[PDB]
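Student: The structure's right below; bear with me while I get my questions together.
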Amino acid sequence: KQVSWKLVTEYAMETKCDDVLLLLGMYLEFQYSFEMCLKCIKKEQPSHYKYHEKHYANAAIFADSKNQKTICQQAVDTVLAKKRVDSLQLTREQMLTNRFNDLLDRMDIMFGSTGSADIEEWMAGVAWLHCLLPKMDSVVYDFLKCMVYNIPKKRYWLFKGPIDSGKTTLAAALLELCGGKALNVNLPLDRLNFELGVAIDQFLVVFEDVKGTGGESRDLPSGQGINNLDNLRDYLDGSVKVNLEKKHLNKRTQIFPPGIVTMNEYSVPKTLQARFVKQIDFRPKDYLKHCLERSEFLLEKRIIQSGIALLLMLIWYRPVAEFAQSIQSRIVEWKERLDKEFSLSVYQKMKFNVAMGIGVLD
Amino acid sequence: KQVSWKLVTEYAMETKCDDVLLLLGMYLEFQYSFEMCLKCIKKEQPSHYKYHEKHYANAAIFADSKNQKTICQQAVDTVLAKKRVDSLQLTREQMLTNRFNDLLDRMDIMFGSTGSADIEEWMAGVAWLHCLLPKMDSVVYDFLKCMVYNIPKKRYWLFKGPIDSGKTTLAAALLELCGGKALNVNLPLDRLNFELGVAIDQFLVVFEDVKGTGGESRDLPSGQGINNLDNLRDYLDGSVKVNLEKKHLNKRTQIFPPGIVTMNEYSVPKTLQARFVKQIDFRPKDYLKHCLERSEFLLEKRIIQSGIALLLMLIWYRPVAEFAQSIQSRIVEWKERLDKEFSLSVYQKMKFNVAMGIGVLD
Amino acid sequence: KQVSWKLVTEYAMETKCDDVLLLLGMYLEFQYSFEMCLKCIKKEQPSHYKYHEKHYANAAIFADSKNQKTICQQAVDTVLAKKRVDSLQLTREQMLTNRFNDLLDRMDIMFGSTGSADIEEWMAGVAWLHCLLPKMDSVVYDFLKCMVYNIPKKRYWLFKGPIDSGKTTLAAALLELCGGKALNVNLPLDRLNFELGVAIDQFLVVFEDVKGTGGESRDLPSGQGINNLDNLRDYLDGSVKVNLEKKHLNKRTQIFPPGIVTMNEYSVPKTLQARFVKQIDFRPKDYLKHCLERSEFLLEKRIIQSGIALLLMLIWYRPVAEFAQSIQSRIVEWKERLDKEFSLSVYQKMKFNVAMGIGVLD
Amino acid sequence: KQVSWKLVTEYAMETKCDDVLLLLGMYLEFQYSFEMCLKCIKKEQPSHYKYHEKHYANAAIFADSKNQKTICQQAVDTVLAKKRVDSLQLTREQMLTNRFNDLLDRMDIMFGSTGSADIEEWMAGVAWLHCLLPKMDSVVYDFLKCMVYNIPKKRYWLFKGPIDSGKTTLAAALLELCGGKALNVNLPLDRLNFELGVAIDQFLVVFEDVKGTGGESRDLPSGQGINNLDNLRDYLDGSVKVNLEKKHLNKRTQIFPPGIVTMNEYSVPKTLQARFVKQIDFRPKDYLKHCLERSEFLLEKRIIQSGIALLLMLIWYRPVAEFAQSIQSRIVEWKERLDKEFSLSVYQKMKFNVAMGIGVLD
Amino acid sequence: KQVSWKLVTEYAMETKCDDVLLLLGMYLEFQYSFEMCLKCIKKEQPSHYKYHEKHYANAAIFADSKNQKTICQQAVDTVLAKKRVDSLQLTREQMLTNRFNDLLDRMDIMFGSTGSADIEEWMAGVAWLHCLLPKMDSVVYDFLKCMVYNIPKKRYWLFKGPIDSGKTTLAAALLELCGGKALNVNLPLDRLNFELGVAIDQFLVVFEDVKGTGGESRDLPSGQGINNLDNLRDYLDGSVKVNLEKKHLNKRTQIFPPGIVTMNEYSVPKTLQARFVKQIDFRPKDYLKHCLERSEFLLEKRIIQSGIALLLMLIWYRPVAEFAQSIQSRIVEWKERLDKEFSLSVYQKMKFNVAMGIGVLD
DNA sequence: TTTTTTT
Ligand SMILES: Nc1ncnc2c1ncn2[C@@H]1O[C@H](COP(=O)(O)OP(=O)(O)NP(=O)(O)O)[C@@H](O)[C@H]1O
Ligand SMILES: Nc1ncnc2c1ncn2[C@@H]1O[C@H](COP(=O)(O)OP(=O)(O)NP(=O)(O)O)[C@@H](O)[C@H]1O
Ligand SMILES: Nc1ncnc2c1ncn2[C@@H]1O[C@H](COP(=O)(O)OP(=O)(O)NP(=O)(O)O)[C@@H](O)[C@H]1O
Ligand SMILES: Nc1ncnc2c1ncn2[C@@H]1O[C@H](COP(=O)(O)OP(=O)(O)NP(=O)(O)O)[C@@H](O)[C@H]1O
Ligand SMILES: Nc1ncnc2c1ncn2[C@@H]1O[C@H](COP(=O)(O)OP(=O)(O)NP(=O)(O)O)[C@@H](O)[C@H]1O
Ligand SMILES: [Mg+2]
Ligand SMILES: [Mg+2]
Ligand SMILES: [Mg+2]
């Protein structure tokens with residue numbers, strides 16, 4: 001009897017496998033009998049115990065196949081084709097909604113019955129983040145809106161502030177919440193032609209640790225980053241398409257992704273300042289300094305600086321009507337799971353402890 | 001009347017063979033008659049004598065085949081696929097435990113009565129390795145826990161020290177103990193793309209003797225290694241997935257493995273220093289040199305650079321409760337086997353022989 | 001009827017042929033009728049006249065075949081597979097023993113009545129070579145021991161000296177005796193990876209005529225060779241496995257071969273000096289030049305470069321107990337044959353002729 | 001009916017096509033009718049008029065084939081395979097004898113009544129060539145001996161001298177006589193790999209016109225040639241096998257061809273000077289210049305550059321005993337042709353015309 | 001029914017189509033009905049309307065084919081194979097005859113009843129171009145004979161100096177007349193390798209506006225071109241085959257084309273100028289500027305750059321016996337046509353109007 | 001596709 005290549009493609013699509021060897025290995029595990037399958041009995045991984053019954057008959061015949069890598073290549077090209085169609089055709093709200101749905105899938109297993117995530121440390125992460133900046137959750141919601149709207153000139157945000165003030169901390173978290181990448185624009189004028197190519201097909205970008213020409217009289221190191229950005233005018237504005245180039249690849253023309261500029265207390269050109277819609281002064285405060293050394297429970301299990309923590313902050317603080325109509329259904333379920341586990345008095349006391357510069361107690 | 005591709009894949013899985021030519025060669029040895037087979041009678045290699053009788057029928061048909069390399073390729077891809085599956089599904093504790101089980105099986109063969117290793121020579125290696133760094137067994141244990149608790153930014157260790165100070169010796173031993181690959185990054189960056197691809201699904205990587213800039217006043221030649229690593233910060237920091245590539249095969253998107261950077265007294269950039277959680281300064285010690293001169297079996301048999309010598313050290317020094325519960329049973333068996341072969345007084349006499357620079361085993 | 005692919009593999013395996021065009025060319029000579037084959041009647045090449053009668057039937061069908069190169073590719077891959085199986089499963093002493101057996105077979109053909117060699121001229125080569133270095137036969141024996149034991153870091157020998165001092169001569173002789181490849185590291189670093197890939201599954205490598213900097217006062221031109229070798233420290237160490245690369249094949253991980261570096265009075269970094277266990281300083285001897293001018297048959301027949309000359313030297317000078325058990329029975333036959341042919345007086349006449357700078361056979 | 005791949009291979013072997021498109025084009029010309037064929041009637045090209053009648057049937061079927069390039073690839077691979085077997089299995093003296101026989105076949109066609117040439121003009125070439133260097137026939141005979149004997153390190157010759165001194169002229173004539181190819185080593189060092197790959201399986205190479213870095217005070221432009229050539233010291237030696245490389249094929253290991261270096265009066269390093277056995281100082285002569293202006297048929301017909309002029313010179317000047325036994329028969333009938341058509345008084349008149357700086361035919 | 005691969009090859013041969021996608025596109029236009037075909041009604045492109053009726057039956061079956069690119073590949077390879085055979089076997093005089101035949105075919109369509117070109121405007125082009133140099137008829141015929149006879153080291157011409165004096169104009173016309181390509185040697189020396197691969201199988205090259213280091217006092221920009229040409233002086237002379245090279249293709253061995261160099265007055269090195277045998281230079285005429293100004297169609301229709309204009313010039317002012325015999329029957333037809341519908345009174349009136357700087361046609 | 005070309 002014949003292998004169904006369509007069934008293999010269904011498994012690849014349902015699990016979003018873009019790797020031919022991962023697909024081959026996982027599918028070969030289904031060749032063993034379901035009735036006695038230890039992995040289905042003890043339910044380690046969802047990509048197995050959901051699918052083994054449906055695919056067992058096909059996987060037996062697949063294990064006898066002489067074509068196995070060809071079958072998987074076609075299935076992986078089907079998944080790559082769906083990604084490519086979605087990239088060109090989705091509206092930018094739907095792209096972010098797909099990212100949030102994927103993060104909620106990670107939530108549902110990360111905080112699963114097998115969940116190594118306790119709600120408690122993740123909610124302490126949320127309270128740390130919500131204490132970092134005045135009216136923080138509006139700042140995150142405003143960031144997502146301007147990044148989704150992608151409106152010309154009114155795109156890039158300037159994070160200006162002292163060292164050890166948390167600016168890389170939040171920028172690195174927003175890359176995980178949205179998808180995106182960071183660029184090192186400090187280079188001489190020639191090499192940044194290739195560095196800018198890192199933005200190709202990204203949803204979002206950040207310019208990290210931009211050095212300026214001035215500030216040596218304040219013991220800031222001089223560097224050409226800011227003077228470069230004043231020349232990258234059209235990439236910021238996003239009014240016209242720019243041609244972007246990569247290591248031994250030919251140029252792509254697209255609108256440059258929106259982003260964030262993270263900068264110390266450097267002086268800026270008036271032209272560059274006029275091209276940032278929002279300036280946020282990050283400034284350090286000592287009770288957060290003291291809280292951190294008191295609170296390694298934020299830094300273990302990667303909870304700080306992770307975008308899944310910022311999503312949890314949005315679920316806790318925003319009204320449900322602000323999320324997309326398709327994800328509103330899943331977000332109310334995560335609302336009530338937070339409501340049950342973290343009563344408002346427990347959260348308030350935890351945030352009060354953060355205001356007192358101390359970790360979780362009681 | 002036709003080749004079972006399934007039996008060949010089964011042999012490759014049982015042998016854990018990642019190389020197409022190795023599989024082709026070994027499987028072709030089975031084409032000759034089992035009854036007259038000198039290798040089965042002489043019992044040279046287990047990969048032959050355990051399997052010849054079972055595979056003889058299939059190997060005779062395989063020797064006539066017109067497809068041989070294609071059959072081997074599918075088998076080898078099955079073994080690489082199981083490695084991908086295990087790398088994505090298993091916890092790092094289980095990965096290290098599987099490696100210890102493989103090493104302990106190899107110890108049972110090697111110290112068995114059918115074996116060839118005198119355990120006295122291997123315990124002399126333990127004595128010599130415990131002299132190399134203070135509290136070596138806690139240092140090995142700390143390294144193991146660091147590679148298991150893969151905490152971002154806190155993933156990499158730096159070994160520093162002059163010529164013949166023991167850096168490569170301990171890195172090679174930890175590498176065998178944990179499993180991993182050595183990478184040379186002294187080559188230029190565009191050619192490192194396929195070098196870095198060797199880290200696919202490995203537990204450790206070691207960056208062997210990376211060359212810095214400067215140091216010519218210390219008679220150290222310059223090279224690109226440090227500058228290349230400083231261009232790879234997300235691979236060291238491990239905050240986000242990177243794309244690793246192999247020829248004529250699709251890329252792998254994974255977090256790059258943790259491990260060891262080794263170097264000879266070069267100056268290290270502050271940005272790179274921020275990513276090495278512990279630095280060990282090796283010193284040349286003349287008593288170890290004099291001991292090795294008089295105990296050349298340690299270097300001829302490669303005992304002091306072997307992971308089996310470090311695994312014997314962990315069995316000797318560490319509690320049972322520090323090992324994973326699956327493997328505790330055969331570890332306590334190995335402890336009583338060590339207590340059988342050695343008094344503590346023999347081991348203290350060995351370590352005194354080392355410290356005095358006289359021959360160990362005297 | 002149809003072509004036997006197995007017989008083509010059997011010919012390839014018997015001739016140890018790993019070039020696909022060489023196999024194709026030789027097997028096509030068997031097309032023509034065995035009864036009248038001029039090469040069989042003249043007995044030019046053993047690879048032809050031994051095999052034509054057996055393969056004539058298969059070669060006639062092979063000449064009509066439409067996929068000839070595909071047959072030869074499978075045959076060549078079988079030869080490479082056995083070579084890789086031998087490389088992992090044999091001890092280095094067995095590998096040297098197998099190599100000497102192959103050399104002794106070639107000597108039996110050279111010095112038999114069918115052979116074109118004169119054993120007096122080859123023993124004149126042994127006389128000339130024994131004059132090159134002090135205790136030459138022990139230097140060869142110590143080298144063989146070094147290559148068999150393959151001790152970490154104690155693996156490479158450095159041959160140093162001026163122009164026409166004999167470095168390349170001895171290196172070529174040891175390369176034929178042990179088997180191995182010569183590599184040029186003077187070419188630029190970014191293409192050097194494919195040159196290093198020639199080392200795969202080889203017993204020795206010889207880095208020939210490496211250039212340094214800082215000889216220009218001596219009138220030695222500058223070059224990158226020594227800088228490249230200092231980037232390849234972990235390859236020369238042989239503690240860890242290194243990733244070796246052929247075109248269109250994925251990397252193989254193996255311990256890099258031991259061997260020889262030949263160099264002309266350049267300065268060596270102390271880091272690189274730590275990888276060499278012995279340095280041999282070759283000094284030009286005018287009596288050897290005057291001897292060669294008068295005995296040009298040594299250069300024309302390439303006797304003093306040959307491994308067969310060093311094998312004769314070992315048979316003349318070394319005890320039988322220094323050879324491996326399997327070859328001692330052939331070595332005693334060869335010792336008797338040499339003692340029959342050469343009195344010590346004839347040899348001491350030759351060695352005195354060399355020292356006088358006379359024609360060695362005079 | 002089926003196309004015979006054997007007949008295509010036979011045509012390629014008899015024509016010695018190592019070009020797939022040349023074979024395809026040539027063989028497709030046989031698809032048209034033999035009786036009407038204008039190319040056969042005119043007898044333009046021997047590769048057509050000898051073979052069309054025999055191959056007509058097969059070429060008609062081949063024109064209907066869907067496999068045409070695959071058929072020609074096998075034929076071309078068979079011609080290359082024979083060439084590689086002959087490289088590894090012939091003596092260099094047989095290789096030269098074969099080349100002379102091929103040039104004598106050309107001479108039979110050139111100076112036969114079908115041919116365009118006539119011997120008087122080519123014998124004037126011999127007279128002009130004999131005037132260029134003293135004892136030119138011994139020089140050419142010594143060169144042939146040097147290239148046949150291929151003595152290690154005593155196997156490259158240097159042609160040195162001013163602009164327009166005859167260096168490239170004589171090198172080209174020797175290159176056509178012996179076969180082999182010219183290499184341009186003035187390129188940058190990283191491209192050089194593929195240039196040197198042209199030498200694979202060749203009998204000679206000529207390093208044309210290498211530039212040095214001195215002598216700009218002599219108005220000689222500087223360049224990298226001599227420095228590149230000093231990196232290739234082990235290639236010029238010919239003691240070891242070097243690893244040659246052509247695009248998209250992995251490396252081939254062989255002894256580099258012997259050859260000629262042509263050079264203006266740049267300073268040469270002692271390391272590279274040691275690898276030349278003989279230096280020929282060309283000096284320009286005004287009577288030769290005046291002669292060529294008046295006898296320009298020598299340049300138009302390229303008689304001055306041709307290997308056939310040097311072969312005619314050897315036939316006129318050397319004993320029949322100096323030729324290989326197989327070719328001595330054709331040499332005596334060629335000597336008889338020359339004696340019959342040229343009196344020594346005509347040839348001495350020609351030599352006297354050249355010395356008088358007047359047109360050779362007057 | 002099956003596709004005739006033979007008919008696709010016929011079409012490609014008759015179209016001289018050496019591009020696979022062009023062939024595929026052209027042939028897929030033939031699948032639609034011949035009787036309704038708008039392109040055959042409008043008669044836009046000759047490669048369509050001449051061939052569609054013949055090929056319709058085969059093109060409909062070809063549209064249903066699953067092999068379509070494989071069919072076109074075989075066809076294109078046949079066209080390239082004929083070009084290879086022609087390059088090796090044709091005399092240069094036959095090559096130039098073929099080029100003239102193809103240009104006369106264009107002239108028949110271009111001045112046909114369907115032709116979009118008024119022959120008067122092109123004859124006015126003959127009037128302008130006849131004035132550009134003293135007796136242009138002689139220089140062009142001398143150039144053509146020089147390019148046919150191809151005498152080694154005596155086969156390049158230089159145009160130097162004045163701007164707006166016609167150097168590139170006449171070079172472009174000679175280049176279309178003969179066939180061949182322009183080269184820009186000022187590229188980086190690494191790129192110069194690929195630059196020269198444009199000359200592969202070309203009949204001419206023009207080195208265009210090549211630049212040197214000096215001449216600053218004449219306001220000439222510096223450049224590396226002449227320094228690169230000196231590395232190629234052995235390519236220019238054509239005494240020997242050179243290993244020309246292009247991206248991703250193995251080197252090809254051939255004699256470099258003859259050509260023209262256009263240049264500004266840099267000081268050309270002796271080692272390079274010794275490989276050139278003409279300099280011919282231009283002087284701007286004020287009345288010609290006025291004639292172009294008053295007869296702009298000479299530039300707008302690209303008349304004076306074109307090879308058809310020089311062929312018309314040669315058809316007028318050289319005798320029929322100076323062309324190759326095969327084409328003389330077509331040249332008498334064009335002589336009659338031009339002497340019919342134009343008169344020497346009209347031509348001398350045009351060259352008069354040109355001498356007056358007024359509009360040519362009146 | 002990788003290698004080569006690009007960096
Ligand atoms: N109020 C604070 N006081 C001190 N440290 C803080 C404070 N808030 C955050 N941090 C910590 O500062 C560390 C560095 O965060 P980061 O976002 O890199 O700061 P930054 O301002 O971008 N520093 P720099 O990258 O040097 O410009 C993180 O561990 C934060 O948790
Ligand atoms: N601390 C030590 N003191 C003395 N000898 C030692 C020590 N460690 C190692 N050795 C010897 O030195 C050899 C090389 O040690 P190795 O680990 O390669 O040194 P390393 O520090 O990596 N030197 P390098 O890589 O050249 O910077 C070992 O094989 C031992 O013979
Ligand atoms: N010790 C010696 N004294 C004199 N002549 C020698 C000596 N050894 C070799 N020769 C001659 O020199 C030739 C080349 O020897 P070779 O081994 O290439 O020397 P080398 O020291 O490697 N020279 P180089 O390669 O230029 O650095 C041999 O073929 C002999 O003719
Ligand atoms: N010795 C000579 N004296 C005078 N004219 C000569 C001599 N040899 C050659 N010629 C002429 O000079 C031309 C160039 O000779 P050729 O051998 O190419 O020069 P070359 O010495 O190699 N110069 P170069 O190419 O710069 O290395 C030939 O075509 C002859 O016309
Ligand atoms: N003899 C001439 N009298 C008047 N105009 C001329 C003449 N020759 C050329 N021109 C015009 O000059 C312009 C440029 O000619 P062109 O041949 O491209 O210049 P060029 O000499 O190659 N200059 P350059 O490209 O710098 O080498 C065109 O408009 C021509 O029509
Ligand atoms: Mg920061
Ligand atoms: Mg020359
Ligand atoms: Mg111009």
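Identifiers for the structure tokens are assigned positionally: chains receive A, B, ... in sequence, residues are indexed from 1 per chain, and ligands are indexed from 1 in the order shown.
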List all protein, DNA and RNA residues that have at least one atom no more than 6 Å from any atom of ligand 3, counting only C-alpha atoms (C1' of nucleotides) and all ligand atoms, and write them as a PyMOL selection string.

Tutor: (chain C and resi 132+161-169+264+283-286+288-289) or (chain D and resi 271)

Student: Write to file, as a short mmCIF file (atom, residue, chain, number, x, y, z; two decimals), in the first residue's frame, the residues of the selection just made, with N, CA, C and O atoms.

Tutor:
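Output (selection-v9.cif):
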```
data_model
loop_
_atom_site.label_atom_id
_atom_site.label_comp_id
_atom_site.auth_asym_id
_atom_site.auth_seq_id
_atom_site.Cartn_x
_atom_site.Cartn_y
_atom_site.Cartn_z
N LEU C 132 73.47 11.59 5.63
CA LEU C 132 72.83 12.90 5.68
C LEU C 132 72.73 13.44 7.11
O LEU C 132 73.14 14.56 7.39
N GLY C 161 66.76 24.43 8.13
CA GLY C 161 68.06 24.53 7.52
C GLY C 161 68.04 25.30 6.22
O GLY C 161 66.99 25.63 5.68
N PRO C 162 69.22 25.62 5.72
CA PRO C 162 69.32 26.43 4.50
C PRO C 162 68.91 25.72 3.22
O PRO C 162 68.40 24.60 3.24
N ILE C 163 69.10 26.42 2.11
CA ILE C 163 68.81 25.89 0.79
C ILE C 163 69.71 24.70 0.47
O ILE C 163 70.93 24.74 0.65
N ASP C 164 69.09 23.64 -0.04
CA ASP C 164 69.76 22.38 -0.42
C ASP C 164 70.50 21.74 0.75
O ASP C 164 71.65 21.33 0.64
N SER C 165 69.81 21.67 1.89
CA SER C 165 70.31 21.01 3.08
C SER C 165 69.75 19.60 3.25
O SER C 165 70.28 18.84 4.07
N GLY C 166 68.71 19.24 2.52
CA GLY C 166 68.16 17.90 2.51
C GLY C 166 66.82 17.74 3.20
O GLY C 166 66.36 16.61 3.36
N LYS C 167 66.19 18.84 3.61
CA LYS C 167 64.93 18.76 4.35
C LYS C 167 63.85 18.06 3.53
O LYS C 167 63.23 17.09 3.98
N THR C 168 63.60 18.56 2.32
CA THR C 168 62.53 18.04 1.48
C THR C 168 62.82 16.61 1.05
O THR C 168 61.90 15.81 0.92
N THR C 169 64.09 16.29 0.84
CA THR C 169 64.50 14.93 0.51
C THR C 169 64.05 13.93 1.57
O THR C 169 63.32 12.98 1.28
N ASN C 264 62.85 27.04 6.25
CA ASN C 264 64.16 27.55 5.85
C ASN C 264 64.53 28.79 6.68
O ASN C 264 64.35 29.92 6.24
N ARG C 283 72.33 20.48 7.79
CA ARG C 283 73.47 21.26 7.33
C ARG C 283 73.95 20.77 5.97
O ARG C 283 74.16 19.56 5.79
N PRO C 284 74.08 21.65 4.98
CA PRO C 284 74.72 21.28 3.71
C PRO C 284 76.11 20.68 3.88
O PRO C 284 76.95 21.19 4.62
N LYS C 285 76.34 19.58 3.17
CA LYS C 285 77.63 18.91 3.12
C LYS C 285 78.10 18.87 1.67
O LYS C 285 77.44 18.27 0.82
N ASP C 286 79.22 19.53 1.39
CA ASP C 286 79.75 19.54 0.03
C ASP C 286 80.16 18.15 -0.47
O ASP C 286 80.06 17.88 -1.67
N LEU C 288 78.53 15.43 -0.02
CA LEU C 288 77.31 14.85 -0.57
C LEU C 288 76.96 15.42 -1.95
O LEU C 288 76.55 14.67 -2.84
N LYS C 289 77.14 16.72 -2.16
CA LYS C 289 76.94 17.29 -3.49
C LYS C 289 77.92 16.71 -4.51
O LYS C 289 77.52 16.36 -5.62
N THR D 271 66.25 31.57 -2.97
CA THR D 271 65.37 30.41 -2.80
C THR D 271 64.80 29.92 -4.12
O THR D 271 64.68 28.72 -4.35
#
```

Student: Kindly determine which residues of chain F lie within 10 Å of chain C, considering only C-alpha atoms (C1' of nucleotides), and give the answer as a ChimeraX atom specification.

Tutor: /F:1-3

Student: I need the chosen residues saved as a short mmCIF file (atom, residue, chain, number, x, y, z; two decimals), in the first residue's frame, with N, CA and C atoms (P, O5', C5', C4', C3', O3' and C1' of nucleotides).

Tutor:
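As written to disk, part_16.cif reads:
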```
data_model
loop_
_atom_site.label_atom_id
_atom_site.label_comp_id
_atom_site.auth_asym_id
_atom_site.auth_seq_id
_atom_site.Cartn_x
_atom_site.Cartn_y
_atom_site.Cartn_z
P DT F 1 19.33 26.67 -5.23
"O5'" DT F 1 20.55 25.90 -4.53
"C5'" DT F 1 20.29 24.77 -3.71
"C4'" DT F 1 21.58 24.13 -3.23
"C3'" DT F 1 22.54 25.08 -2.52
"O3'" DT F 1 23.09 24.42 -1.38
"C1'" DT F 1 23.63 24.10 -4.37
P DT F 2 24.04 25.16 -0.32
"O5'" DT F 2 25.50 24.98 -0.93
"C5'" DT F 2 26.03 23.68 -1.03
"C4'" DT F 2 27.29 23.64 -1.86
"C3'" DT F 2 28.45 24.45 -1.30
"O3'" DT F 2 29.61 23.65 -1.41
"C1'" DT F 2 28.05 25.10 -3.50
P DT F 3 31.07 24.16 -1.03
"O5'" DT F 3 31.61 24.83 -2.37
"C5'" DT F 3 31.70 24.07 -3.55
"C4'" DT F 3 31.99 24.97 -4.73
"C3'" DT F 3 33.29 25.75 -4.57
"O3'" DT F 3 34.00 25.68 -5.76
"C1'" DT F 3 31.58 27.23 -5.08
#
```

Student: Can you list, as number ranges by chain, every protein, DNA or RNA residue that comes within 12 Å of residue 25 of chain E when you count only C-alpha atoms (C1' of nucleotides), leaving out same-chain residues fewer than 5 positions away?

Tutor: E: 12, 17, 19-20, 30-31, 47-48, 59, 62-63, 68-69, 72

Student: So that I have them on file, write out the residues from the current selection with C-alpha atoms, as a compact mmCIF listing (two decimals), in the first residue's frame.

Tutor:
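The new file out_22.txt reads:
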```txt
# COMPACT_ATOMS: atom_id res chain seq x y z
CA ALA E 12 16.54 27.50 -32.48
CA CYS E 17 18.69 31.48 -30.24
CA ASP E 19 19.03 31.64 -24.56
CA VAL E 20 16.77 28.99 -23.00
CA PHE E 30 3.41 29.42 -31.61
CA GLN E 31 0.75 27.44 -29.73
CA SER E 47 11.20 35.40 -35.75
CA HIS E 48 7.43 34.97 -35.33
CA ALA E 59 3.97 23.99 -30.37
CA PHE E 62 4.84 21.25 -26.61
CA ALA E 63 2.44 23.35 -24.52
CA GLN E 68 9.62 21.84 -21.62
CA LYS E 69 12.92 23.25 -20.33
CA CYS E 72 14.88 23.82 -24.98
```

Student: Could you tell me how far atom CA of residue 252 of chain C lies from atom CA of residue 200 of chain C, in Å and to one decimal?

Tutor: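 Computed distance, atom CA of residue 252 of chain C to atom CA of residue 200 of chain C, equals 7.8 Å.
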
Student: Might you pull out every residue within 8 Å of residue 13 of chain C, with only C-alpha atoms (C1' of nucleotides) counted and same-chain residues fewer than 2 positions away left off, and present them as a VMD selection string?

Tutor: chain C and resid 9 to 11 15 to 17 75 78 to 79

Student: So, with only C-alpha atoms and all ligand atoms as the atoms that count, which of D:274, D:261, D:187, D:346 lies closest to ligand 4?

Tutor: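 Nearest to ligand 4: D:261.
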
Student: Counting only C-alpha atoms, which of D:155, D:218, D:1, D:278 gets nearest to chain E?

Tutor: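 Using only C-alpha atoms, the shortest distance to chain E belongs to D:218.
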
Student: Residue 140 of chain C: which residues within 9 Å, counting only C-alpha atoms (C1' of nucleotides), same-chain residues fewer than 3 positions away excluded, as a ChimeraX atom specification?

Tutor: /C:135-137,143-145,174,310,314

Student: If you count only C-alpha atoms (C1' of nucleotides), which residues fall within 8 Å of segment 224-235 of chain D, apart from same-chain ones fewer than 5 positions away, as JSON, numbers by chain?

Tutor: {"C": [184, 186, 187, 208, 209, 211, 221, 223], "D": [185, 186, 187, 188, 189, 210, 211, 212, 213, 240, 242, 255, 256, 268, 269, 271, 272, 275]}

Student: Per DSSP on the backbone, filter segment 216-355 of chain C down to the residues in strand (DSSP E) and report them as a ChimeraX atom specification.

Tutor: /C:242-244,252-254,259-263,276-281

Student: So which residues touch residue 360 of chain C within 12 Å, counting only C-alpha atoms (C1' of nucleotides), skipping near sequence neighbours fewer than 6 positions away, as a ChimeraX atom specification?

Tutor: /C:120-129,131,287-298,346-354

Student: Record the distance separating atom CA of residue 245 of chain A and atom CA of residue 198 of chain A, expressed in Å with one decimal.

Tutor: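 Straight-line distance from atom CA of residue 245 of chain A to atom CA of residue 198 of chain A works out to 8.5 Å.
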
Student: To one decimal place, how far is atom CA of residue 258 of chain E from atom 2 (C, counted along the ligand's line) of ligand 4 in Å?

Tutor: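 Here the two named atoms are 23.1 Å from each other.
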